[PDB]
Amino acid sequence: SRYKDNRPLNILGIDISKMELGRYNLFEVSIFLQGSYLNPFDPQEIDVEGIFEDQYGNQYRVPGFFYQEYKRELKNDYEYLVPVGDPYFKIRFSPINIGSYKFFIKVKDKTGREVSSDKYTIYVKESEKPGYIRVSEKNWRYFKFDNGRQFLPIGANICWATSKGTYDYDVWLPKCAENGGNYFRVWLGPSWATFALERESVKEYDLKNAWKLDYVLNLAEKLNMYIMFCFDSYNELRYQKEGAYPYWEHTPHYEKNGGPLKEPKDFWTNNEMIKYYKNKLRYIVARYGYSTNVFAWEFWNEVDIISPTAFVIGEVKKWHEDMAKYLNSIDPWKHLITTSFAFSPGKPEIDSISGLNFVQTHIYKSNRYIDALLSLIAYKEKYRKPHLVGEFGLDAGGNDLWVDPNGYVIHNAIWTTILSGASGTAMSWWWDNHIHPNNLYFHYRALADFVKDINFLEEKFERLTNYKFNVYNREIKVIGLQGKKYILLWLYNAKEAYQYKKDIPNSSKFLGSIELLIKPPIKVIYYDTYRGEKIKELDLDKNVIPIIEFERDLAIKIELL
């Protein structure tokens with residue numbers, strides 16, 4: 001209990017960030033106090049709250065959190081954080097309405113004593129921020145911002161850094177954002193992760209790693225990127241003898257390492273573990289919940305491949321139901337909640353839980369993965385909520401790096417997923433050893449520029465269904481969406497799309513045609529998917545679209561006039 005205090009409870013000082021703020025901007029309160037508590041991360045020992053009320057009567061109860069300031073530096077090839085000052089408590093708020101707010105601070109410690117601040121007033125003006133990310137009420141396949149604009153996630157997994165820490169995100173994130181990326185995913189476990197909160201203990205959280213996550217979230221705010229926070233990964237509950245990067249023997253949950261659990265099965269029902277896990281959720285909401293740049297809370301990376309001794313489907317389902325209910329109840333901003341599975345079809349018993357707002361797929365497959373993606377997207381429409389292909393690659397073993405230096409695999413997957421009705425792009429692995437060093441960002445730029453001016457929420461897109469290819473001596477296939485006003489096609493050469501040896505394709509002849517069930521007149525735009533630019537525009541009085549010569553794949557945007 002390194003942060004214990006044994007003094008009578010008293011507020012010693014309050015600092016306020018700024019009294020005039022924009023909608024959805026951060027309003028931060030610093031609270032210096034003394035009190036009686038063994039563990040500042042445990043609300044039964046000390047409970048700090050900010051109570052906010054807008055002009056319209058809406059009330060927000062925001063949990064406070066323990067904080068240490070650091071100053072970062074680079075020591076050759078690793079990040080080093082120097083503590084600045086004593087630790088203290090913070091409250092982080094974000095106003096969803098404009099106008100005036102009144103707020104006060106309340107603190108209670110284990111002695112039962114309670115103290116309060118007096119009431120403060122702040123004023124909120126309109127801003128440019130679109131708000132929090134929600135499921136669209138117009139089309140449950142897609143996400144929106146509070147202001148009604150669509151959110152189409154484009155990006156990749158960027159789940160941890162090297163020893164350089166935040167200095168790696170300083171490089172990766174601006175490159176992503178300038179190439180149309182607006183999304184990434186970070187890991188908050190296991191203990192070795194850059195942002196691991198439970199690093200030494202499941203009862204107290206790592207203030208250095210939490211500060212790094214602050215930094216990366218602040219960078220995402222500056223770049224208009226939105227983050228999925230993955231709280232735990234399967235490795236934590238997998239025994240060494242089971243392989244697949246196991247970590248149970250090293251995890252703080254295990255009694256051997258100071259935790260409450262004798263075996264990983266007990267995670268789901270151990271009373272002490274459940275209490276600590278709720279304290280962790282409270283800490284995460286307190287420290288990061290304000291941010292509109294948190295896209296989603298994700299409980300687990302691939303929970304189905306924890307130890308088979310630990311996976312009891314009924315217990316895992318009840319735990320997800322109960323934690324989703326708890327998290328929603330304490331999160332003033334009601335962020336989206338999800339979880340993930342290694343088994344590509346997922347677990348319907350868990351995916352159908354109402355408290356999980358969208359479903360995910362992870363898939364690593366080397367052969368005919370375009371058809372596999374299309375099949376999984378069609379299948380999971382049964383859940384009537386958005387579907388994110390949250391991990392994709394050729395092989396979990398890392399063959400992609402030497403098989404496909406040009407990123408054709410990534411290219412094929414991001415076009416297939418978007419034009420099959422998934423909520424966003426397939427999210428690649430290998431950010432640090434593949435995407436960045438091979439400079440694969442241009443693939444995303446081309447795709448983002450193709451889709452950005454379409455409002456997916458209102459097109460009533462359906463997968464293309466009544467088509468007729470007329471092509472001779474080539475095998476061309478199509479992935480496509482048909483809506484009220486646009487038809488979007490991705491055509492690929494079945495014999496070239498899965499070969500990765502050739503240079504990036506570097507378009508005047510007629511190849512063939514595709515006939516669609518549409519009413520002319522139409523405008524046809526041919527789009528180079530590697531250079532990310534229009535090749536050709538064509539007005540047509542009949543429903544037969546010519547296919548121009550292409551090497552690997554080609555995109556076509558058809559507007560019904």
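Along the sequence shown, residues carry numbers from 1.
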- Query: Are the side chains of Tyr247 and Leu237 in touch, meaning some heavy atoms are under 4.5 Å apart?
  - Reply: no
- Query: Do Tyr530 and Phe442 make the cut of ring centroids closer than 6.0 angstrom?
  - Reply: no
- Message: As a quick check of understanding, evaluate salt bridge (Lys or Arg N to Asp or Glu O under 4.0 Å) for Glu298 and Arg185, giving each step before the final call.
- Response: CA-CA 10 Å; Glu298 180 186 27; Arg185 174 181 182 232; 2.9 Å; yes
- For the side-chain contact (heavy atoms from CB on, under 4.5 Å) test, which of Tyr183, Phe184, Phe295 pairs with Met225? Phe184
- Query: Is there a donor-acceptor contact under 3.5 Å from the side chain of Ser163 to the main chain of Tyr78?
  - Reply: no
- To the nearest 0.5 Å, how far apart are CG in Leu188 and CD1 in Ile284? 5.5 Å
- Message: Does any part of the side chain of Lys144, heavy atoms only, come nearer than 4.5 Å to the side chain of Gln150, both counted from C-beta?
- Response: no
- Query: Would a 4.5 Å heavy-atom cut-off, applied to side chains only, mark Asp232 and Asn301 as touching?
  - Reply: no
- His335: ring pair (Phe, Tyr, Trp, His ring centres under 6.0 Å) partners, not counting sequence neighbours: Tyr132, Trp297
- Message: Is any side-chain heavy atom of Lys557 closer than 4.5 Å to one of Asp453?
- Response: yes
- Query: For the side chain of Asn433 and the backbone of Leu401, is there at least one donor-acceptor N/O pair under 3.5 Å apart?
  - Reply: no
- Compare all side-chain heavy atoms of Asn209 with those of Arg199 and state whether any distance is below 4.5 angstrom. yes
- Taking the side chain as every heavy atom from C-beta outward, state whether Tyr526 and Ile545 have any atom pair closer than 4.5 Å. yes
- Message: Checking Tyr486 now: which residues fulfil ring pair (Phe, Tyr, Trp, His ring centres under 6.0 Å) with it, not counting sequence neighbours?
- Response: none
- Item | Validation row: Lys125, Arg23 side chains within 4.5 angstrom (heavy atoms) | no
- For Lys280 and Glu198, what are the C-alpha separation, side-chain angles and deciding distance, and is it a salt bridge (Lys or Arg N to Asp or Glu O under 4.0 Å)? CA-CA 9 Å; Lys280 181 171 76 160; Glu198 300 152 309; 2.8 Å; yes
- salt bridge (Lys or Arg N to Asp or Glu O under 4.0 Å) evaluation trace for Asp331 with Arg282: CA-CA 8 Å; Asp331 180 1; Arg282 177 173 180 276; over 6 Å; no
- Message: In terms of relative ring orientation, are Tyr226 and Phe151 parallel, tilted or perpendicular, with 30° and 60° separating the classes?
- Response: perpendicular
- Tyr441-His436 side chain donor-acceptor pair, cut-off 3.5 Å: yes
- Query: Taking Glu459 for the side chain and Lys485 for the main chain, is one N or O donor matched with an acceptor at less than 3.5 Å?
  - Reply: yes
- Item | Sequence neighbours excluded, every pair satisfying side chain to side chain donor-acceptor pair (under 3.5 Å) that has a member inside residues 413-423 | none
- Task: Kindly indicate, with the supporting measurements, whether the criterion salt bridge (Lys or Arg N to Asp or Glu O under 4.0 Å) is fulfilled by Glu221 and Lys129.
- Result: CA-CA 10 Å; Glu221 191 275 336; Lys129 286 185 179 301; 2.7 Å; yes
- Charged N-O contact under 4.0 Å between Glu496 and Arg552: no
- Message: Salt bridge check, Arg368 against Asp371: does any charged N sit closer than 4.0 Å to a carboxylate O?
- Response: yes
- Task: Give a yes-or-no answer on whether the side chains of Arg149 and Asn147 include a donor-acceptor pair shorter than 3.5 Å.
- Result: no
- Distance col, row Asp404:CG vs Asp395:CG, nearest 0.5 angstrom, shows 12.5 Å
- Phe392: ring pair (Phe, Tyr, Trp, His ring centres under 6.0 Å) partners, not counting sequence neighbours: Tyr369
- Task: Hey, could you give me the NE2/CG distance between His411 and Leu440, rounded to the nearest 0.5 Å?
- Result: 12.0 Å
- Message: Test your reading of the model: is there a side-chain donor-acceptor pair from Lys380 to the backbone of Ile377, 3.5 Å cut-off?
- Response: no
- Between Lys502 and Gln499, is there a donor-acceptor pair closer than 3.5 Å when you use the side chain of the first and the backbone of the second? no
- Message: Please enumerate all residues that pass salt bridge (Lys or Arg N to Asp or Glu O under 4.0 Å) together with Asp77, with sequence neighbours excluded.
- Response: none
With a 3.5 Å cut-off and sequence neighbours excluded, list the donor-acceptor pairs that the side chains of residues 172-181 form with protein atoms.
unit_1: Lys175; atom_1: NZ; unit_2: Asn439; atom_2: OD1; d: 2.8
unit_1: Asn179; atom_1: OD1; unit_2: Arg445; atom_2: NE; d: 2.8
unit_1: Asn179; atom_1: OD1; unit_2: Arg445; atom_2: NH2; d: 3.4
unit_1: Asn179; atom_1: ND2; unit_2: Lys175; atom_2: O; d: 2.8

- Message: Under the side-chain contact (heavy atoms from CB on, under 4.5 Å) test against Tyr492, which residue among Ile476, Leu554, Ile479, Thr529 passes?
- Response: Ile479
- Query: salt bridge (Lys or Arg N to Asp or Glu O under 4.0 Å) with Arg384: which residues, sequence neighbours excluded?
  - Reply: none
- Query: Got a second to check how far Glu551's CD is from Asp503's CG, nearest 0.5 Å?
  - Reply: 9.5 Å
- Note on the structure: Which of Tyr288, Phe299, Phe195 passes ring pair (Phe, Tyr, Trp, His ring centres under 6.0 Å) with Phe229? It is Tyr288
- Check: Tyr234 ring centre within less than 6.0 Å of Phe341 ring centre: no
- Message: Under a 4.0 Å threshold between the charged nitrogen and the carboxylate oxygen, would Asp553 count as salt-bridged to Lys477?
- Response: no
- Task: Can you spot which of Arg72, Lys164, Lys222 makes a salt bridge (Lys or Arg N to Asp or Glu O under 4.0 Å) with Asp170?
- Result: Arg72
- To the nearest 0.5 Å, what is the distance between CG (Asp528) and CD1 (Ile535)? 4.5 Å
Listed pairs under 3.5 Å, donor-acceptor, residues 350-358 side chains, sequence neighbours left out:
unit_1: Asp351; atom_1: OD2; unit_2: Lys347; atom_2: N; d: 3.4
unit_1: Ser352; atom_1: OG; unit_2: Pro348; atom_2: O; d: 2.7
unit_1: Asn357; atom_1: OD1; unit_2: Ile337; atom_2: N; d: 2.8

- Message: Just to verify, what does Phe93 make a ring pair (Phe, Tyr, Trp, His ring centres under 6.0 Å) with, not counting sequence neighbours?
- Response: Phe52, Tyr60, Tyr101
- Straight-line distance of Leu394 CG to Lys365 NZ, nearest 0.5 Å: 10.5 Å
- Query: Of all residues at least two apart in sequence or in a different chain, which pass the side-chain contact (heavy atoms from CB on, under 4.5 Å) check with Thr194?
  - Reply: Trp160, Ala161, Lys212
- Listed by chain and number, what are the salt bridge (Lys or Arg N to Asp or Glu O under 4.0 Å) partners of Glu236, not counting sequence neighbours? none
- Residue set satisfying salt bridge (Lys or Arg N to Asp or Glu O under 4.0 Å) with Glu549, at least two apart, ordered chain then number -> none
- Step through the shown structure and confirm whether more than 12 heavy atoms of other residues, nucleotides or ligands are within 6.0 Å of NZ on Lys334. yes
- Item | Pair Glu381-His387, side-chain contact (heavy atoms from CB on, under 4.5 Å): steps then yes or no | CA-CA 8 Å; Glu381 284 165 1; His387 177 194; over 6 Å; no
- Query: Side chains of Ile556 and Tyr527: does their closest heavy-atom pair fall under 4.5 Å?
  - Reply: no
